[PDB]
Amino acid sequence: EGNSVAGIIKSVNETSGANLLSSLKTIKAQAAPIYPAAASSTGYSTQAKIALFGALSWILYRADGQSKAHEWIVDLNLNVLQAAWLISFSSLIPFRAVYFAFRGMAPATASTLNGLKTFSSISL
Amino acid sequence: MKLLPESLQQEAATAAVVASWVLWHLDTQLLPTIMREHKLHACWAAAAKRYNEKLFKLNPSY
Amino acid sequence: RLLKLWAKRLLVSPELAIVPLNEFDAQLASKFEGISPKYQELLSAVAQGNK
Amino acid sequence: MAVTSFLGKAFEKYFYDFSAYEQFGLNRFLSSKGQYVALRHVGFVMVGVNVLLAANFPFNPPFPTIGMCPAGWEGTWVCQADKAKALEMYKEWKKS
Amino acid sequence: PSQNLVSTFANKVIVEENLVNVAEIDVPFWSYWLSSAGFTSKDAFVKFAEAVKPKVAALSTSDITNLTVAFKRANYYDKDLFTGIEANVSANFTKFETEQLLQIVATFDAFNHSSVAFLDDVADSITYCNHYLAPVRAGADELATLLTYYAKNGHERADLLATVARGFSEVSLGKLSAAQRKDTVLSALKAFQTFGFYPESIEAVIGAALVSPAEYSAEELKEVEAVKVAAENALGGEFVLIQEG
Amino acid sequence: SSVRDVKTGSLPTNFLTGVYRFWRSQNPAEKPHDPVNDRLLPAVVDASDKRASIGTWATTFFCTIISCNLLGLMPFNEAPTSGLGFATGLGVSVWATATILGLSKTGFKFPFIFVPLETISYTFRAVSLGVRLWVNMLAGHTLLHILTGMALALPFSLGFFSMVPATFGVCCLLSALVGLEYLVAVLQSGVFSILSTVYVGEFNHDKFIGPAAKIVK
Amino acid sequence: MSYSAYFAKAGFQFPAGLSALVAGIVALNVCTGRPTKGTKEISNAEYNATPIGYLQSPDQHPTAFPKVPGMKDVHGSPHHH
Ligand SMILES: [Zn+2]
């Protein structure tokens, strides 16, 4: 669409002097960016259904292959040994510190975006 | 214990196909996104001084 | 016309209201890096918004 | 009841608010929360090993046993180092 | 009766007026790929031009570049078609790439065709709408062709001159063959002397003449020495040939 | 034909940015003799063109090996790297990539007792880089197999929930070894890609073109 | 107001060329050019003459949770060489 600043300039120039100060909250609301409101909550997507159906299919196929193996009970308790460390990772990992440490790996999120200053772009 | 596969070439080709897909997905899907997000910040950080000085010179408002 | 002019600039960026009009020329310098830092960080900090 | 949304909220309140370290009062017996996580890890491993052995206990072990035997089997298919012997003895045991 | 029936059917179903009738739908694609196959006929390219002439204003940058390269390869100038091409480039100058604009400007240079608005929009697109290292990936012959285009039209843009001057190098001139490098160096030095613009990178052009002065004539060596003296005065120093070290 | 939308500042984007910038920093560019300006910019771009994509290749191998290594630590799953041909094919492919790059630098055909010795120790990189990954992924897994076999042998014979201290000690040792397997998985992917950088970067040296003519002072 | 709801609108999505990776791994697993891991190609006369139980061999049918290690689901052909 057309840009919002030209809409500000046009609709501010179109107001009368008496109409100006109360129209300013409307004009601002017509120049505010679209932030889409929360739409319909569907169930799971067809790719999410495909993902979890294929994951459960893979887990059942792998458990059936593990049970038919020679040291089958050894494999079935290896699954317990690995799920135990998954459960302990859920408990031990400081996920907020991990998130903010990953934010420091990228330079785009390690710093605030420093660019255009206000004093150079002042219009009058 | 399993040591030797049924086919060495099939398993090496599986490794090649997986690593070639990871290479394509890195070069094509991940690196353009990463470079857009990185280089916007990097170009603004590298150009803040010269950009603000040039815009300060071009501005007749003062 | 003056009210419309300042209405446009304060609709795009209301942080200009934290620098008073008489003090503004006292901030400037010949080069941009020499502009007084009395209002710089406060202006850029107000420009992010209410959060 | 959406099938996954209620499951997500129930798993969230189980994951965060439910804590057996506080509701069973385990700060008296244990020094830390991390010591509870380690003890709960090894306890989960032990509970899993015991229920996987209890789900099927009369079977002949594929893993090598340390010269031992389960309960009163002693010389049955369960305590046979020879696996062909154990299979044929399992058939006679199954006959009953 | 296979021979006469097959021969009669092939000429009727296979001759160059019906494969102009397959090429009415996508004229840029077909004209480009038929001209690259060596099929350059004025008889077919007039029908190409009038088939594509209403479609030009909605064409993408790839299709405009393909059409423009094809009509250079045919050497068929249509004034109305290339006016439409130039209006398309002027309307969408931010979307065009330097890789495409060099090929378009080479065709607009091959026959003489220019506008002030077209030259301004091509210069704005190469200088500001494209990457500043895009002349580095260009090849020095295309940059020399664009330079003599702006020199023959008399249109002078110092920012475009700096941008296109950045593409001239020991690498880019080393990629050229010696007979091609002679024409590229001479035309680039003539354009730089016409504008009076002497950047640092002119050391790569003048040096490319003075490393191999045996291929140049005495007249061309005189004009190269004149450009060298002018660039020595403009850059405030003396031109040295640098050996391996 | 429609690409998806991405949020800026996402955790996978940030992690992958840090990983790529780590593997790119392994073989940095040489600082030229001249001050880098518009005169030296095409020589810098040409020098980047001569350099191999060791950042992209090391990031590819790091991601594809840390994924296959952490697959072995997920329940019901095995590591693809624990297979011989997979890990050794990755290693022989890295060695062949470095060899093909070095052959492209020297002219596409292959170069007293010193020449056989150094050629044997160079050709052993092909074996070594893949086999040091494969037997390491076989390592904690086969030790884990035998140890959980004895960890099953204790309550199968002493009773299901009786003699809990002995099985407690064996399950503590098992838990410590699966944690060591996690460390070895992440660390073997890292060691592989560090080695891929130092093997490919041996042939990553081309000469700077530079200016053949200057205007001094 | 934020872009959070806009990103909550988009569901789960696979990586962009995951179908090519799956169709490469599956095509490597099914275009082996050799029989399927304990089978043998036989003549059509043998295959139609042989019943379904004699074609099956007990090593390729191990028992799901075997009470003795080595239990097989089928007994194969009663005819022995
Ligand atoms: Zn295993």
# chains A, B, ... in the order shown; residues from 1 in each chain; ligands from 1
>>> closest_atom_pairs(of="chain B", to="chain C", cutoff="9 Å", atoms="only C-alpha atoms", output="Markdown table")
| residue | atom | partner | partner_atom | distance |
| --- | --- | --- | --- | --- |
| B:49 | CA | C:33 | CA | 7.8 |
| B:52 | CA | C:32 | CA | 6.9 |
| B:53 | CA | C:32 | CA | 5.5 |
| B:54 | CA | C:32 | CA | 9.0 |
| B:56 | CA | C:32 | CA | 6.5 |
| B:57 | CA | C:31 | CA | 8.4 |
| B:62 | CA | C:25 | CA | 7.6 |
>>> residues_near_ligand(ligand="ligand 1", cutoff="9 Å", atoms="only C-alpha atoms and all ligand atoms", output="mmCIF file with N, CA and C atoms, in the first residue's frame")
data_model
loop_
_atom_site.group_PDB
_atom_site.id
_atom_site.type_symbol
_atom_site.label_atom_id
_atom_site.label_comp_id
_atom_site.auth_asym_id
_atom_site.auth_seq_id
_atom_site.Cartn_x
_atom_site.Cartn_y
_atom_site.Cartn_z
ATOM 1 N N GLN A 66 13.708 -53.456 18.179
ATOM 2 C CA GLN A 66 14.553 -53.640 19.354
ATOM 3 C C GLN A 66 14.134 -54.868 20.140
ATOM 4 N N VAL A 74 18.262 -55.653 26.952
ATOM 5 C CA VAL A 74 19.350 -54.690 27.033
ATOM 6 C C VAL A 74 19.007 -53.411 26.274
ATOM 7 N N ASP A 75 18.462 -53.542 25.062
ATOM 8 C CA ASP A 75 18.029 -52.382 24.285
ATOM 9 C C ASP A 75 16.852 -51.659 24.931
ATOM 10 N N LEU A 78 18.218 -49.670 27.615
ATOM 11 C CA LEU A 78 18.928 -48.520 27.065
ATOM 12 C C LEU A 78 17.989 -47.365 26.758
ATOM 13 N N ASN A 79 16.771 -47.680 26.308
ATOM 14 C CA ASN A 79 15.764 -46.639 26.105
ATOM 15 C C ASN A 79 15.431 -45.920 27.410
ATOM 16 N N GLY F 72 21.914 -40.928 18.595
ATOM 17 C CA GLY F 72 22.203 -42.153 19.323
ATOM 18 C C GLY F 72 21.837 -42.068 20.790
ATOM 19 N N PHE F 76 14.941 -45.159 21.740
ATOM 20 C CA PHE F 76 14.568 -46.001 20.601
ATOM 21 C C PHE F 76 15.366 -45.717 19.336
ATOM 22 N N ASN F 77 16.408 -44.900 19.395
ATOM 23 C CA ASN F 77 17.139 -44.514 18.202
ATOM 24 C C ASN F 77 18.603 -44.896 18.336
ATOM 25 N N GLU F 78 19.242 -45.122 17.195
ATOM 26 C CA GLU F 78 20.667 -45.390 17.130
ATOM 27 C C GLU F 78 21.336 -44.287 16.328
ATOM 28 N N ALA F 79 22.624 -44.102 16.558
ATOM 29 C CA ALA F 79 23.365 -43.116 15.798
ATOM 30 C C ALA F 79 23.675 -43.663 14.409
ATOM 31 N N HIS F 141 28.464 -46.703 23.541
ATOM 32 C CA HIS F 141 27.306 -47.530 23.251
ATOM 33 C C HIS F 141 27.562 -49.000 23.555
ATOM 34 N N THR F 142 28.705 -49.552 23.116
ATOM 35 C CA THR F 142 28.949 -50.963 23.399
ATOM 36 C C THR F 142 29.316 -51.171 24.864
ATOM 37 N N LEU F 144 27.997 -49.377 27.194
ATOM 38 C CA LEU F 144 26.669 -49.245 27.761
ATOM 39 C C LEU F 144 25.873 -50.530 27.642
ATOM 40 N N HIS F 145 25.985 -51.226 26.502
ATOM 41 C CA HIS F 145 25.349 -52.528 26.296
ATOM 42 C C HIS F 145 25.777 -53.536 27.349
#
>>> interface_residues(of="chain A", to="chain B", cutoff="7 Å", atoms="only C-alpha atoms", output="NGL selection string")
:A and (107-108 or 113-117 or 120-121 or 123-124)
>>> select_by_dssp(residues="chain F", states="strand (DSSP E or B)", output="list in words")
residues 213, 214, 215 and 216 of chain F
>>> closest_atom_pairs(of="chain G", to="chain B", cutoff="10 Å", atoms="only C-alpha atoms", output="tab-separated table")
residue	atom	partner	partner_atom	distance
G:15	CA	B:25	CA	8.2
G:16	CA	B:29	CA	7.4
G:17	CA	B:25	CA	7.2
G:18	CA	B:21	CA	8.4
G:20	CA	B:21	CA	8.0
G:21	CA	B:21	CA	6.3
G:22	CA	B:18	CA	9.4
G:24	CA	B:17	CA	6.7
G:25	CA	B:14	CA	6.3
G:26	CA	B:14	CA	9.6
G:27	CA	B:14	CA	9.8
G:28	CA	B:10	CA	6.6
G:29	CA	B:10	CA	7.9
G:31	CA	B:10	CA	9.5
G:32	CA	B:10	CA	7.5
G:34	CA	B:7	CA	10.0
G:37	CA	B:6	CA	8.2
>>> atom_distance(atom1="CA of residue 79 (chain E)", atom2="CA of residue 59 (chain E)")
17.7 Å
>>> closest_atom_pairs(of="chain A", to="chain D", cutoff="10 Å", atoms="only C-alpha atoms", output="tab-separated table")
residue	atom	partner	partner_atom	distance
A:41	CA	D:5	CA	9.7
A:42	CA	D:2	CA	9.5
A:43	CA	D:4	CA	7.5
A:44	CA	D:4	CA	8.1
A:69	CA	D:62	CA	9.9
A:70	CA	D:62	CA	6.8
A:71	CA	D:62	CA	5.2
A:72	CA	D:62	CA	7.6
A:73	CA	D:52	CA	7.6
A:74	CA	D:63	CA	7.3
A:76	CA	D:52	CA	7.7
A:77	CA	D:49	CA	6.2
A:78	CA	D:49	CA	9.4
A:79	CA	D:48	CA	9.5
A:80	CA	D:48	CA	6.2
A:81	CA	D:45	CA	6.1
A:82	CA	D:45	CA	9.3
A:83	CA	D:45	CA	8.9
A:84	CA	D:41	CA	5.8
A:85	CA	D:41	CA	7.3
A:86	CA	D:41	CA	9.7
A:87	CA	D:41	CA	7.7
A:88	CA	D:41	CA	6.5
A:89	CA	D:37	CA	9.7
A:90	CA	D:15	CA	9.3
A:91	CA	D:37	CA	7.0
A:92	CA	D:34	CA	7.4
>>> closest_residue(among="G:71, G:63, G:77, G:30", to="chain D", atoms="only C-alpha atoms")
G:71
>>> closest_residue(among="G:73, G:60, G:1, G:66", to="chain D", atoms="only C-alpha atoms")
G:66
>>> residues_around(residues="residue 23 (chain E)", least_positions_apart="4", cutoff="12 Å", atoms="only C-alpha atoms", output="list in words")
residues 16, 17, 18, 19, 27, 28, 29, 30, 31, 32, 33, 34, 44, 45, 47, 48, 49, 50, 51 and 52 of chain E
>>> write_last_selection(atoms="C-alpha atoms", output="mmCIF file, in the first residue's frame")
data_model
loop_
_atom_site.group_PDB
_atom_site.id
_atom_site.type_symbol
_atom_site.label_atom_id
_atom_site.label_comp_id
_atom_site.auth_asym_id
_atom_site.auth_seq_id
_atom_site.Cartn_x
_atom_site.Cartn_y
_atom_site.Cartn_z
ATOM 1 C CA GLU E 16 10.177 -20.722 -40.096
ATOM 2 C CA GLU E 17 6.757 -19.044 -40.190
ATOM 3 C CA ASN E 18 5.057 -21.545 -37.872
ATOM 4 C CA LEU E 19 7.874 -21.536 -35.311
ATOM 5 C CA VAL E 27 8.774 -13.501 -27.145
ATOM 6 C CA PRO E 28 11.700 -12.660 -24.703
ATOM 7 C CA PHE E 29 12.395 -16.331 -23.924
ATOM 8 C CA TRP E 30 12.122 -17.555 -27.505
ATOM 9 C CA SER E 31 13.940 -14.620 -29.116
ATOM 10 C CA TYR E 32 16.796 -14.951 -26.609
ATOM 11 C CA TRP E 33 17.195 -18.707 -26.945
ATOM 12 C CA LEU E 34 16.839 -18.643 -30.732
ATOM 13 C CA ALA E 44 11.543 -13.206 -37.848
ATOM 14 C CA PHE E 45 12.748 -10.480 -35.516
ATOM 15 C CA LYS E 47 7.485 -10.174 -36.016
ATOM 16 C CA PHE E 48 9.133 -10.729 -32.619
ATOM 17 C CA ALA E 49 9.333 -6.969 -32.030
ATOM 18 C CA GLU E 50 5.728 -6.240 -32.957
ATOM 19 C CA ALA E 51 4.547 -9.299 -31.031
ATOM 20 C CA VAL E 52 6.293 -8.153 -27.864
#
>>> closest_residue(among="G:65, G:55, G:5, G:11", to="residue 65 (chain A)", atoms="only C-alpha atoms")
G:65
>>> interface_residues(of="chain F", to="chain G", cutoff="10 Å", atoms="only C-alpha atoms", output="list in words")
residues 3, 4, 5, 6 and 7 of chain F
>>> atom_distance(atom1="CA of residue 37 (chain E)", atom2="CA of residue 10 (chain E)")
21.1 Å
